[PDB]
Structure formats: C-alpha cells, structure tokens
Amino acid sequence: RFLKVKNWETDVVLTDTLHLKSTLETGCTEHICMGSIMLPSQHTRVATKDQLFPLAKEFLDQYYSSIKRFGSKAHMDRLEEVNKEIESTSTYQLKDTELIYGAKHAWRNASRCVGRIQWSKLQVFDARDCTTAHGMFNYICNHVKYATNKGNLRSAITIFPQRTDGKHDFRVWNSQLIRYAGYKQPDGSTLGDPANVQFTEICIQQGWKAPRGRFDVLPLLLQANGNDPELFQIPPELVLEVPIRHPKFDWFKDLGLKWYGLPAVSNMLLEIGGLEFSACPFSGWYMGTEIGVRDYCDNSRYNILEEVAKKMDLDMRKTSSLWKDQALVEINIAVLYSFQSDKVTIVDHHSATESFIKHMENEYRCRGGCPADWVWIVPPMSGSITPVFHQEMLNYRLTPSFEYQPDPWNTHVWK
Ligand code: HEM
Ligand SMILES: Cc1cc(N)nc(-c2cc(Cl)cc(CN(C)C)c2)c1
Ligand SMILES: C[C@H](O)[C@H](O)[C@H]1CNc2nc(N)[nH]c(=O)c2N1
Ligand SMILES: [Zn+2]
C-alpha cells in the first residue's frame with residue numbers, strides 16, 4: 001500500500017503514497033493493462049447536485065490543507081457556505097484563489113506532461129464574466145499577447161464560464177489557438193497540416209476565405225453560452241512565428257518551413273471540485289521534438305523526412321541505412337537552433353526530461369509521489385539516451401485535472 005518506483009540508470013528508489021489519494025479510474029484491471037490506449041474511456045468527460053458536494057468538500061479540504069489552515073473556522077464556514085449554495089443553486093462558484101489553486105493543480109496532476117516542473121508558475125486569467133464570442137476573442141487575444149511576451153514565453157490559462165446545464169457550454173472549437181490549415185488537394189495529397197483538414201473545412205463551411213497555402217494560421221471558432229460559434233482572426237502581429245534554418249546546411253532555409261512559438265491547447269476540459277470548465281485554453285512553450293519529430297515527421301502530419309533526406313543526399317533505397325533517423329536528428333537540431341537564435345523560448349528533449357526527473361524527486365519528497373505516464377513522458381526520439389526511459393513511473397489520476405472531451409461539432413445542437 002506504499003509502492004516503490006526504481007530508476008534503473010541510477011539505482012534511485014522512490015516511495016509513492018500519493019496514489020492513495022487517487023480517485024478516478026485508469027482503464028486497467030488486475031488482468032489487463034491499457035497504458036497504451038490513447039484516449040481511454042476514462043480520460044474523457046454530466047453532473048448532479050448529489051454528486052457535487054463530496055467533490056466540493058474533497059477539493060476544499062485540499063485547498064485549506066494547502067494554505068496551512070486545514071479544518072479551521074474559515075474552512076468549515078466555506079464548507080457550509082458551498083454546501084448551502086449547492087442547495088440553493090445545485091451548483092456553486094469558486095473563489096478566485098480556489099480557481100488559481102485548482103488550475104495550477106490540474107497541471108500538476110497531468111501525468112502525460114513532461115513540463116510540470118513549472119506547475120506553480122502559472123498565470124490564471126479569470127474569464128468567468130465572459131458572455132459572448134467577441135468577449136472570448138478579446139480574452140483569448142490578451143492571453144496570446146501575455147503568454148508570448150515578445151518570445152520570452154510565459155505559462156498561462158484563461159478560464160471561461162463553467163458548464164451549467166450542458167446545452168449552454170462555452171467552447172473553443174480549435175484544438176489549439178494557433179494551428180496551420182490543411183487542405184486536401186484535387187488529386188488526393190494534402191497542403192499544410194493534414195491534422196486540421198476537417199477543421200479547416202468547418203471554418204470554410206462557416207465563411208472562412210482560405211488563403212489556401214502551407215502555413216495559414218486558422219481563425220478562431222468561438223462558441224459562447226451554447227450559441228453557434230463565430231469566426232475571428234487573431235491579429236497577425238500577435239502570432240509569433242519562427243522560420244526554421246539549420247546551423248550547417250544553408251539549403252535548409254530553402255525548405256521554407258516555419259512554426260509558431262506558442263503551444264496552446266484549447267480543446268480540453270478543466271475539472272475543479274466537481275465543476276466543469278469546457279473552455280480553458282492553456283499555453284506554455286515547446287519541447288523541440290513536438291515540432292521536429294511529431295509535427296514535421298509523423299506520416300500523417302507534415303511528413304518531411306522524404307525531402308530532408310534528399311537534400312542531405314542519403315541512401316534512401318534501403319530501410320537499414322537509417323536515413324530516416326539521420327534526417328530526423330538534423331531536423332530537430334534546426335528547430336532548436338531557429339527558436340534559440342530568435343530568443344523564442346524552447347526546450348530540448350534532453351533538458352526537459354532531466355528537469356522532469358528533478359521534478360519527480362520534489363513531488364515524491366514534499367508530496368509523496370508524482371503520477372506519470374511513461375508512454376507519454378518518454379520523448380519520441382532518442383528514448384533511452386534520456387533519463388526518463390530508465391525511470392519507472394506510477395500512473396494514477398488525481399483531481400483537479402485536465403480531461404479530454406468530444407469535439408463540439410459532434411454534440412452541438414445547431415441552428
Ligand atoms: C511549461 C512548458 C510546457 C512544456 C514544455 C510541456 C510539454 C508537454 C508535452 C511534450 C506534452 C506531450 C504532448 C504531445 O506530445 O502530444 C504535454 C502534454 C500535456 N500538458 Fe504540458 N507542457 C508545458 C506546459 C503545460 C501547461 C501550462 C499545462 C496546463 C495548464 C499543461 C498541461 C498538459 C496536458 C493536460 C497535457 C496532456 C496530458 C494528458 O492527455 O493527460 N502543460 N506537455
Ligand atoms: C501547454 C503545452 C505545452 C507544450 N509544450 N505542449 C503542449 C501540447 C499538449 C498536447 Cl495535448 C498536444 C500538443 C501538440 N501535439 C499536437 C503534437 C502539445 C501543451
Ligand atoms: C498508441 C500510443 O498510445 C500513441 O501513439 C501515443 C504514444 N505516446 C505518445 N506520447 C506523446 N507525448 N504524444 C503522443 O501523441 C503519443 N501518442
Ligand atoms: Zn496498466
């Protein structure tokens with residue numbers, strides 16, 4: 001009831017008791033492990049008033065135990081106060097401090113996130129007074145500007161009104177605030193990002209005039225209080241982009257690649273004390289491999305391993321020449337170099353995985369554990385020359401938490 005995790009590169013052993021406070025379920029059983037299912041039936045997100053107070057009580061107990069005032073009068077009065085409001089309203093409203101705490105701890109508990117060493121330096125923007133899609137756009141624009149900070153990126157989250165009935169949900173229909181468009185071609189192939197081909201057509205369905213090229217920043221589709229979503233263009237001066245060059249290969253600029261500085265996930269759901277925030281865009285900075293390995297080299301993404309290998313002049317006939325591996329390393333040397341020469345914050349997969357082990361140590365010391373998803377923590381190249389490959393990790397689900405949720409267009413009762 002006090003599990004141990006070993007690092008087989010350093011013989012370091014850590015004792016996890018934090019998993020005892022775990023509540024949600026993982027998808028695994030005594031006779032099956034689903035640790036490589038991407039969106040397990042559990043990791044996806046309707047509440048009643050009866051279920052709400054245990055969740056509220058549980059959360060308020062964490063928060064007051066945090067500010068070193070656990071079970072005191074201000075706690076018991078806040079317990080009764082929320083209890084009473086869940087009678088009156090069959091819901092309740094978080095204090096600003098309770099919001100900041102929950103948001104920071106949703107990140108802290110995100111077991112697939114290798115960047116959590118920074119979990120306590122998160123900037124929380126309360127957009128719970130928003131009422132309209134235009135309001136959302138304005139709030140989202142201030143988020144991009146603040147988080148980008150002229151290349152010196154800063155962690156931030158903007159929290160729109162919580163779900164109430166279910167049919168009055170605030171949703172950002174984009175999967176990220178800033179993503180490039182993808183257009184299928186009249187011959188089958190794909191221009192821009194193949195990930196977004198459906199979403200790009202939904203934007204054109206709602207009136208977007210597409211410049212139909214490579215790296216066309218998509219407009220924002222914003223749904224407010226359950227109403228139909230509306231298109232908004234982020235002022236280009238707010239979209240900071242890095243053109244990708246190599247520090248040895250002068251032909252690498254002629255590849256004409258670029259990526260945006262700001263990674264900002266907008267399709268997830270923030271859960272705090274049983275309350276559900278359907279729109280909560282959050283942003284940090286990139287680990288290089290997200291761009292150079294996954295975005296640029298996934299077969300169903302930009303898929304440039306073909307063209308980079310050519311210009312390098314590689315033995316592309318045999319699978320075992322490792323021409324793919326070889327072009328993969330250069331591509332990530334270029335992403336890192338380009339972002340660094342422009343003073344745009346980025347982290348290499350070696351530095352970020354070392355910081356995660358450091359972070360893991362702090363969480364096992366001053367918290368008793370650190371939920372972690374090995375399948376997701378290990379970077380998508382050079383696995384075992386990073387220290388997380390050699391580190392056992394217990395995965396378990398704690399609240400507050402970020403959760404996946406269905407796309408709005410598979411569930412929105414239109415008009
Ligand atoms: C500070 C810099 C950050 C870095 C370097 C970072 C890095 C990463 C990476 C590489 C992934 C894997 C995504 C993929 O490969 O597809 C990830 C996932 C994730 N990150 Fe972080 N991130 C950062 C900030 C944040 C912030 C500010 C939040 C929330 C407030 C957050 C919450 C998450 C969540 C929820 C996931 C998905 C995990 C899941 O599905 O359970 N991250 N992060
Ligand atoms: C705040 C943040 C920072 C970072 N460095 N990354 C992420 C991220 C999360 C997800 Cl769930 C997916 C992706 C990118 N994939 C589409 C490749 C990035 C989020
Ligand atoms: C099948 C598998 O679960 C899936 O491809 C996962 C593997 N690990 C990952 N790890 C990260 N960081 N990001 C991902 O998208 C994935 N995809
Ligand atoms: Zn398992």
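Values below: all heavy atoms of this structure, side chains included; hydrogens, waters and symmetry mates excluded. In this chain, numbering begins with 1 at the start of the sequence shown. Numbering of ligands and ligand atoms starts at 1, following listing order.
Scanning the protein for heavy atoms near atom 13 (C) of ligand 1, the closest one is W376 CZ3, 3.7 Å. Ranking the protein heavy atoms by distance from atom 29 (C) of ligand 1 puts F282 CD1, 3.3 Å first. The protein non-hydrogen atom at the shortest distance from atom 36 (C) of ligand 1 is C113 CB, 4.3 Å. The nearest heavy-atom contact from the protein to atom 3 (O) of ligand 3 is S36 O, 2.6 Å. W376 O, 3.2 Å is the protein heavy atom nearest to atom 12 (N) of ligand 3. In terms of protein heavy atoms, atom 5 (O) of ligand 3 is closest to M38 CE, 4.4 Å. Regarding atom 7 (C) of ligand 1, its nearest protein heavy-atom neighbour is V114 CG1, 4.0 Å. Given atom 5 (C) of ligand 1, the protein heavy atom at minimum distance is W285 O, 3.4 Å. Closest to atom 41 (O) of ligand 1, if we only count protein heavy atoms, is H43 NE2, 2.8 Å. The closest protein non-hydrogen atom to atom 26 (C) of ligand 1 is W107 CE2, 3.3 Å. Distance from atom 11 (Cl) of ligand 2 to its nearest protein heavy atom, with residue and atom name: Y404 OH, 3.8 Å. What sits closest to atom 38 (C) of ligand 1 on the protein, heavy atoms only, is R112 CB, 3.4 Å.
A tilted orientation is assigned to the rings of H359 and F356, their planes being inclined by 30° to 60°. By the 30° and 60° cut-offs, the orientation of the rings of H43 relative to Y404 is perpendicular. The aromatic rings of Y302 and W259 lie perpendicular to each other, with more than 60° between the two planes, well past the 30° mark. Using cut-offs of 30° and 60° for the angle between ring planes, the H412 and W414 rings count as tilted.
Figure legend: cation-pi geometry between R154 and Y146, with NZ or CZ positioned under 6.0 Å from the six-membered ring centre and within 45° of its axis. Remark: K6 qualifies as a cation-pi partner of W8 under the 6.0 Å distance and 45° angle criteria applied to the six-membered ring.
Annotation for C297 and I304: closest pair SG-CG1, 4.3 Å, computed over non-hydrogen atoms. Residue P219 comes nearest to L231 through the heavy atom pair CG-CD2, 3.7 Å, listed as atom of the first residue, atom of the second, then distance.
Below 3.5 Å of separation, one finds no N or O of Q176 facing any N or O of ligand 2. At a 3.5 angstrom cut-off on N or O pairs, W285 counts as close to ligand 2. For a threshold of 3.5 Å applied to N or O pairs, the pair formed by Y404 and ligand 1 contains at least one separation below that value.
Salt-bridge check for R367 with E363: passed, with a basic side-chain N closer than 4.0 Å to an acidic carboxylate O. Salt bridge present: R128 and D126 bring a charged side-chain N and a carboxylate O closer than 4.0 Å.
Not a single heavy atom of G115 sits less than 4.0 Å from an atom of ligand 2.
At a heavy-atom cutoff of 4.0 Å, ligand 1 is contacted by no atom of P380, backbone or side chain. With a 4.0 Å heavy-atom cut-off, ligand 2 is reached by the backbone of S283 but not by any atom from C-beta on. At a 4.0 Å heavy-atom cut-off, ligand 3 touches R294 through the side chain alone. Counting heavy atoms closer than 4.0 Å to ligand 1, residue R116 contributes nothing at all.
Side-chain contact of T48 with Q51: a donor-acceptor pair under 3.5 Å is present, judged by distance alone.
Every atom of ligand 3 with a heavy atom of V375 under 4.0 Å away is listed here by number and element: 7 (C), 8 (N), 9 (C), 10 (N). Within ligand 1, the atoms closer than 4.0 Å to a non-hydrogen atom of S283 are 27 (C), numbered from 1 in the order shown. Under a 4.0 Å criterion applied to the non-hydrogen atoms of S155, ligand 1 contributes the atoms 1 (C). Under a 4.0 Å criterion applied to the non-hydrogen atoms of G284, ligand 2 contributes the atoms 1 (C).
The shortest distance between side-chain heavy atoms of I357 and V388 falls below 4.5 Å.
Among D295, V265, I157, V347, the residue whose heavy atom lies closest to atom 12 (C) of ligand 2 is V265. The option from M268, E290, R179 that lies nearest to atom 7 (C) of ligand 2, judged by heavy atoms, is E290.
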Next on the checklist: Between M268 and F282, is the side-chain contact (heavy atoms from CB on, under 4.5 Å) condition met? List the steps.
Outcome noted: CA-CA 9 Å; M268 292 194 64; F282 59 86; 4.1 Å; yes
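Residue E403 forms a salt bridge (charged side-chain N to carboxylate O under 4.0 Å, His left out) with just one option from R163, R112, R45, and that option is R45.
Judged by distance alone, the side chain of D16 and the main-chain N or O of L394 form no donor-acceptor pair under 3.5 Å.
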